[PDB]
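Worksheet for the structure shown next.
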Amino acid sequence: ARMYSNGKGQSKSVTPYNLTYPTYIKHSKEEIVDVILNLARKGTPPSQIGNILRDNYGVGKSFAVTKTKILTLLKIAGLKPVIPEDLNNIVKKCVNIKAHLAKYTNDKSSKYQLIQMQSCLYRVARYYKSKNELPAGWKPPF
Amino acid sequence: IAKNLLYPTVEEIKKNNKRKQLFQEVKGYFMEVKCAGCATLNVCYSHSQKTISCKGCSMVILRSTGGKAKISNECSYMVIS
Amino acid sequence: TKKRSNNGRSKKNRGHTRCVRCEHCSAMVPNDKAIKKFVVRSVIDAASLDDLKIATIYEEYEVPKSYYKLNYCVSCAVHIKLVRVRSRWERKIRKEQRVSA
Amino acid sequence: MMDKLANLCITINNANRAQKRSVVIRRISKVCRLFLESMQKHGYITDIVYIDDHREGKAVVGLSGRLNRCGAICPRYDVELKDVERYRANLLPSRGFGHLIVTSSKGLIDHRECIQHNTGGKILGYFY
Amino acid sequence: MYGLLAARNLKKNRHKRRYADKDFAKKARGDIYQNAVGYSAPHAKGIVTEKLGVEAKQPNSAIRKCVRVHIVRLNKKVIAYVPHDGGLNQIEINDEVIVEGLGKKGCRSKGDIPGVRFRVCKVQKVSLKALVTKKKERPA
RNA sequence: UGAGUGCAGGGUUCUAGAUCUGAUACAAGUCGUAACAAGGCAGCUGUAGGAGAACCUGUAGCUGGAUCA
RNA sequence: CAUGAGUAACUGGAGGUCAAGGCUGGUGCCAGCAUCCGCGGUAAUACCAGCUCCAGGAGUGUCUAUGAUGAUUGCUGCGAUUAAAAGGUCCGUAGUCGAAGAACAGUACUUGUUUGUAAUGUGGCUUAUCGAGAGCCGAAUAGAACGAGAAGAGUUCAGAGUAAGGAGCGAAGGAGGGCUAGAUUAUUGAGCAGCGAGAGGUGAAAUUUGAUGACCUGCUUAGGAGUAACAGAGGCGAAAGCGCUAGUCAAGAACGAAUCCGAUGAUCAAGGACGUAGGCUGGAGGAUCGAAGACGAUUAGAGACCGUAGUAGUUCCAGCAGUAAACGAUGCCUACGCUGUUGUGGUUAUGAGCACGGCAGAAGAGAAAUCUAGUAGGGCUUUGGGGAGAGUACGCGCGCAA
Ligand SMILES: [K+]
Ligand SMILES: [K+]
Ligand SMILES: [K+]
Ligand SMILES: [K+]
Ligand SMILES: [K+]
Ligand SMILES: [K+]
Ligand SMILES: [K+]
Ligand SMILES: [K+]
Ligand SMILES: [K+]
Ligand SMILES: [K+]
Ligand SMILES: [K+]
Ligand SMILES: [K+]
Ligand SMILES: [K+]
Ligand SMILES: [K+]
Ligand SMILES: [K+]
Ligand SMILES: [K+]
Ligand SMILES: [K+]
Ligand SMILES: [K+]
Ligand SMILES: [K+]
Ligand SMILES: [K+]
Ligand SMILES: [K+]
Ligand SMILES: [K+]
Ligand SMILES: [K+]
Ligand SMILES: [K+]
Ligand SMILES: [K+]
Ligand SMILES: [K+]
Ligand SMILES: [K+]
Ligand SMILES: [Mg+2]
Ligand SMILES: [Mg+2]
Ligand SMILES: [Mg+2]
Ligand SMILES: [Mg+2]
Ligand SMILES: [Mg+2]
Ligand SMILES: [Mg+2]
Ligand SMILES: [Mg+2]
Ligand SMILES: [Mg+2]
Ligand SMILES: [Mg+2]
Ligand SMILES: [Mg+2]
Ligand SMILES: [Mg+2]
Ligand SMILES: [Mg+2]
Ligand SMILES: [Mg+2]
Ligand SMILES: [Mg+2]
Ligand SMILES: [Mg+2]
Ligand SMILES: [Mg+2]
Ligand SMILES: [Mg+2]
Ligand SMILES: [Zn+2]
Ligand SMILES: [Zn+2]
């Protein structure tokens, strides 16, 4: 089940059985690889890179053509971010809640949501600072 | 074993949820849509998360919705993958 | 021992409900438990309609009705005989009562 | 998450009680395969197919009329060859028939083979 | 607590549970040496100081014959029962008596006698059964 | 190296004490009758006042209710 | 070996458990007996004796510790809807527990050989008339030395991507929460106008109020609460709880689908945050209702129930406190499981599904009533052990007090 609440949803998307090569498409390998690195330098998250490749350029799951994963390609090109993108999105939501509570101090429901959010940050931090993906003395922006 | 249990009928396949089967099934597919008038062909995904406009003429060809996306009234398509 | 499966009330999937006040004694009772009664009563009694036909100035007249929903606590409903004690198999039968006049 | 070897047992026990002849079992591990293959050698189950679904794994099996019951033990206790008969007398109905399965450096073996090979191991499960 | 490496947790839990048993608790945490006859001794010597009688509990109707004893080993004074038919006549004030238990698990009242916890066994070094049935005589 | 012994303190276990206040047993004493039937104001849980005494009264809750309607 | 001879049983019981007498005489709730249940008030198979029986027997009764009885301490192997028993709700450290696929290594694990036990105990044989006894033999626990096997456990990898988790995208739904600005009535209070005798309250009445004009009907105003009917075995929230209309600010649940990362996870002593009502500390305010207090009735007496009146509180802001029949009296994850019917929100090859519910049978289960209770050595925490005394005493921690 869900980690912070009583949810038991089941909405996911199916991974294919085999992957082949997308011969119906209208670009070369080298063009697709160029499209990714452009979208990266403009500052898009890698989950959004995937959405665009599927929706506009017509490639499912973005790996059948490249034999390599999106984040690994960005490390080969040297475009790696300073913080992993998951930990980064958790710090953003915390900041937002603290900026709301700063002006609407009375909101007990928002107070409740903040302590849940903050717990999740530290649990994710401890993962990354074991795999050597963050400096040992990293601390939140707060 | 029973034939019914090892080899379900195609009727049974279509009634089940996409995950609750002996082998899980892909539901999304790719299509080539052709624009009314300009007759240019665009590759699109069913279930699109983005609205899409025809190359050249800039008519909105496909509208994103909560489920399967909606082709504009005059346009037509073929499944490619 | 537990006498009724529904604890004598219609609350399910909720914590708490609004209270209402008994028509006969003003006691507080939860809305989902209170005994309810509907009334549709003519302003004019049946024993006067034959005089109304000669009293009125209009070519025809429709008598105005008055509408009410009444609420009762258990003690009052039993005492006023809106409801009665029933046998262990009868307790389970559920049927809508008539609107009063 | 449930233990995979426990899940296997409850799935076949309930289906047997309901008088079904075949079942699909939904999460499979290496020792689950070896357990089922043991029940086939002693003629408790008849036919086995394995589905390679890339999502864990699943099996389809045909039950015989000879199977009364099976079960897993948790945790998997360590036993000397001196200890196994104690567990045999606790789990099985009769001295004449049924099998207690033990994991060893020589694979899965039954309580008779333990005497032949002169080896203890870890206790895994039983069927009769 | 049923894991394979859980022995320490399991042991500490199960030890703590036993204090719910009255038997284990008293031996561990009560005053087991307060009594004239019990954990300490099977019999007790003492001197007779007063003669006494007590009513039986309902629904019975009787006067039971009892004796006030000063116990040499503790300097407590206790009530004891005198068993036999004419038994009270075999005892004088300032006699020495040996005293014995009634046979319950803890020191508890037996039959219809309220609040008396011991009985007389011997008077002046001789068996009370022999005295009453006139098989032997007082030392004099 | 040190036995013994001064003087202050602590740590433990027992024991005295004017007087006050619990509990238990009281064949059957005195005053009421609070609960068990709609027990004669349906009962019970929390909290706050009051009162010879059981208990009574406000406020929120529960049915183990006298209603599965 | 040889001489004499003819001696030698008691303790506890006899109503049931529990083997064995309604036998005869005394006693009359006395005297006594009885582990427990129970006997005796003049017809006692239970007391006190006589006589016959029973049980063990050179022995038999009692008291006191302990093992068993006992699955009433539960590893094997008990319980927690109503009998005693699931923490008011979350977060969380120590602790205990943790995918599939392909490979790798040997310290646990199991086993060989060798050490490691006099007596006692165990398997035997031989000699004291016999039997304990004595004498000789064989193997042995835990612990250690050196080898071996690799299923389970462990470590790693990525042309692998959970009906494991987290991040993100699209269209939509809800009395979920904070803030800003408005609203239709109603209950009280004042002003003024009309009228000229009663109003209120009850089972029936009295306190009480009215010619200083009540009551009722108009028009004006002033405040402070609340959101009727629609409204439900309907919805939302971690629980406590949430119902007028617009605008605004954050985050969450579910659904659809070829998005991204890859073990990030379950449960939780200590520690931290929320918690109806009533209560307390300070400020604002004060319509209605109303503990305390005061009257009128009723009664033997009412201090109560009923009526008149009336204060703290009841509302808001900033905090403290920490309890409820905080209950579906049913812990949290995760499984396996029969049918029919009816809802709520999305999606649909229009056949159906996914999440959250209600209802009615069945089969199993259970002491029954009934079923959040079926099947089961899955994981982790809380918790009970005949009534009472007692959720009380002493010590300690929090709180302004309670
Ligand atoms: K999610
Ligand atoms: K959790
Ligand atoms: K939570
Ligand atoms: K959860
Ligand atoms: K409640
Ligand atoms: K009802
Ligand atoms: K008795
Ligand atoms: K009462
Ligand atoms: K005898
Ligand atoms: K006799
Ligand atoms: K007789
Ligand atoms: K016990
Ligand atoms: K157990
Ligand atoms: K608590
Ligand atoms: K996955
Ligand atoms: K809002
Ligand atoms: K409060
Ligand atoms: K009063
Ligand atoms: K009076
Ligand atoms: K009153
Ligand atoms: K009033
Ligand atoms: K608080
Ligand atoms: K607190
Ligand atoms: K409590
Ligand atoms: K729910
Ligand atoms: K039960
Ligand atoms: K105390
Ligand atoms: Mg009464
Ligand atoms: Mg009463
Ligand atoms: Mg009852
Ligand atoms: Mg007999
Ligand atoms: Mg007898
Ligand atoms: Mg028990
Ligand atoms: Mg009870
Ligand atoms: Mg109980
Ligand atoms: Mg409880
Ligand atoms: Mg011999
Ligand atoms: Mg393994
Ligand atoms: Mg006037
Ligand atoms: Mg409204
Ligand atoms: Mg979400
Ligand atoms: Mg208050
Ligand atoms: Mg818990
Ligand atoms: Mg007890
Ligand atoms: Zn076009
Ligand atoms: Zn009423």
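A, B, ... follow the sequence lines: proteins, then strands. Residue 1 opens every chain.
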Where each residue is assigned the nucleotide of RNA chain F containing its nearest heavy atom, which of C:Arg84 and C:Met28 is assigned the position nearer the 5′ end? C:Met28

Name the closest nucleotide to the B:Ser64 side chain, picking from F:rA69, F:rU63, G:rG170. G:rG170

Does G:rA163 have its OP1 or OP2 closer than 4.0 Å to a side-chain nitrogen or oxygen of B:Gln24? yes

Heavy-atom donor-acceptor pair, D:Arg55 side-chain to G:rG161 base, under 3.5 Å: no

Is there a side-chain polar atom (N or O) of B:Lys18 under 4.0 Å from OP1 or OP2 of G:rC354? no

Quick check: are there more than 12 heavy atoms from other residues, nucleotides or ligands sitting under 6.0 Å from OH of E:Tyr33? no

Base, sugar-phosphate or nothing for A:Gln10? Non-hydrogen atoms, less than 4.0 Å. sugar-phosphate

Tell whether A:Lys93 reaches the base of G:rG252 with its side chain through a donor-acceptor pair below 3.5 angstrom. no

Once you apply a heavy-atom cut-off of 4.0 Å, does D:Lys58 come out as touching a base, just sugar-phosphate, or nothing? nothing

Got a donor-acceptor pair under 3.5 Å from the side chain of B:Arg19 to the base of G:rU162? no

Should the pair C:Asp32-C:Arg14 be classified as a salt bridge under the 4.0 Å nitrogen-to-oxygen rule? no

Residue whose nearest RNA chain F nucleotide is more 5′ - C:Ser5 or C:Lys2: C:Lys2

Could you check if the base of G:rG377 is syn or anti? Syn means the glycosidic torsion is within 90 degrees of 0. syn

Is there a donor on the side chain of A:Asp86 or the base of G:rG166 sitting less than 3.5 Å from an acceptor on the other? yes

Check every strand shown and say whether B:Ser81 touches a base, only sugar-phosphate, or nothing at a heavy-atom separation below 4.0 Å. base

For G:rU24 versus G:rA43, give the span between their P atoms, rounded off to a whole number of Å. 15 Å

Look at A:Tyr122 and G:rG92 and indicate whether a side-chain polar atom (N or O) is within less than 4.0 Å of OP1 or OP2. no

Can you find a side chain N or O atom of B:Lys20 that sits less than 4.0 Å from OP1 or OP2 on G:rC354? yes

Under 4.0 Å between a side-chain N or O of A:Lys111 and OP1 or OP2 of G:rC90? no

Give the intermediate values and the outcome of side-chain hydrogen bond (donor to acceptor under 3.5 Å, both in side chains) for residues D:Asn13 and D:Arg17. CA-CA 6 Å; D:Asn13 290 330; D:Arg17 288 165 57 94; over 6 Å; no

Between A:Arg123 and G:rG92, is there a contact of a side-chain N or O with OP1 or OP2 at under 4.0 Å? yes

Which groove of the paired bases does A:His100 contact, judging by side-chain heavy atoms lying under 5.0 Å from groove-specific base atoms: major or minor? minor

I'd like to check, for A:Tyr112, whether its ring lies over the base of G:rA238 with centroids under 5.5 Å apart and a plane angle smaller than 30°. yes

CG of C:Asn71 versus P of G:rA231: gap in Å, rounded? 15 Å

Assigned partner base of G:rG50, Watson-Crick or wobble definition, under 3.5 Å: G:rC23

Which side the sugar of F:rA53 sits on, once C1'-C2'-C3'-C4' is checked for sign: north

Which label fits B:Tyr45 and B:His47: parallel for a plane angle under 30°, tilted from 30 to 60°, or perpendicular past 60°? tilted

So which atom in A:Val65 and which in A:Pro22 form the shortest heavy-atom distance, rounded to 0.1 Å? CG1-CD, 3.5 Å

Please determine whether a side-chain nitrogen or oxygen atom of B:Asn17 lies at a distance below 4.0 Å from atom OP1 or OP2 of G:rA352. no

Assign G:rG133 to north (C3'-endo side) or south (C2'-endo side) according to its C1'-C2'-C3'-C4' torsion. north

Given the structure, check if the side chain of A:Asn106 and the base of G:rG177 hold any donor-acceptor pair shorter than 3.5 Å. no

Inspect the contact between E:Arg119 and E:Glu100 and indicate whether a charged nitrogen and a carboxylate oxygen are less than 4.0 angstrom apart. yes

Starting at atom CG of C:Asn31, determine the distance to atom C1' of G:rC230, rounded to an integer number of angstrom. 12 Å

Can you tell me how far P of G:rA163 sits from CZ of D:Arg27, to the nearest Å? 10 Å

Taking the chi torsion of G:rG379, is it syn (within 90° of 0) or anti (everything else)? anti

Quick note, A:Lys69 side chain, CB onward, closest among G:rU383, G:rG262, G:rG232 is G:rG262

Base versus backbone protein contacts along nucleotides 141-155 of chain G [heavy-atom cut-off under 4.0 Å; B, S, -]: --------BSBS---

Whether A:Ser13 contacts G:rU259 is assessed here as follows: a side-chain N or O lying under 4.0 Å from the phosphate OP1 or OP2. Is that the case? yes

Under 3.5 Å for both donor-acceptor distances, Watson-Crick or wobble: does F:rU47 have a partner, and if so which one? F:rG58

Would you kindly compare E:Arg18 and E:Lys22 by the position of their nearest RNA chain G nucleotide and give the one closer to the 5′ end? E:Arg18

Tell me whether G:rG198 sits syn or anti, counting syn as a glycosidic angle within 90° of 0. anti

Phosphate OP1/OP2 of G:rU162 contacted by A:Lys12 side-chain N/O (<4.0 Å): yes

Output the rounded distance in Å from CG (E:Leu10) to P (G:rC75). 7 Å

Non-hydrogen atoms of A:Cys94 and A:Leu114 that approach each other most closely: O-CD1, 4.2 Å

Indicate whether OP1 or OP2 belonging to G:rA251 is found under 4.0 Å from a side-chain N or O atom of A:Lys98. no

Would G:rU267 and G:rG95 count as a Watson-Crick or G-U wobble pair, both distances under 3.5 angstrom? yes

Any N or O donor-acceptor pair under 3.5 Å from the base of G:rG252 to the side chain of A:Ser109? no

For D:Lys20 and G:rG337, is the shortest distance between a side-chain N/O and OP1 or OP2 below 4.0 Å? no

If you take all heavy atoms of A:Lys69 and A:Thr72, which pair is closest and at what distance? O-OG1, 2.7 Å

Give one of base, sugar-phosphate or nothing for C:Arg88, where a contact means two heavy atoms less than 4.0 Å apart. sugar-phosphate

base_contact_polar (G:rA257 base, B:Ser48 side chain, donor-acceptor, <3.5 Å): no

Please tell me if C:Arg18 has a side-chain N or O lying less than 4.0 Å from either OP1 or OP2 of G:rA228. yes

Name the nucleic acid region contacted by E:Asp112, choosing base, sugar-phosphate or nothing; use a 4.0 angstrom heavy-atom cut-off, strictly under. base

Taking OP1 and OP2 of G:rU348, is either one under 4.0 Å from a side-chain nitrogen or oxygen of B:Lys15? no

Side chain of C:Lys3: nearest nucleotide among F:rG65, G:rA257, G:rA238? F:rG65

G:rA233, syn or anti by chi within 90 degrees of zero: syn

Pucker family that the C1'-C2'-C3'-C4' torsion assigns to G:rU162: south

Are E:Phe24 and E:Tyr19 close enough that their ring centers fall under 6.0 Å? yes

With a non-hydrogen cut-off below 4.0 angstrom, is C:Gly8 in contact with a base, only sugar-phosphate, or nothing? base

What's the CZ-P distance between A:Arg2 and G:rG252, to the nearest Å? 12 Å

Starting at CG of C:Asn7 and ending at P of G:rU81, how long is that distance when rounded to a whole Å? 16 Å

Using both distances under 3.5 Å as the test, list the Watson-Crick or G-U wobble partner of G:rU111, or none. G:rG147

Suppose we call a contact any N or O donor and acceptor under 3.5 Å apart; does that hold for the side chain of A:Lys108 and the base of G:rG177? no

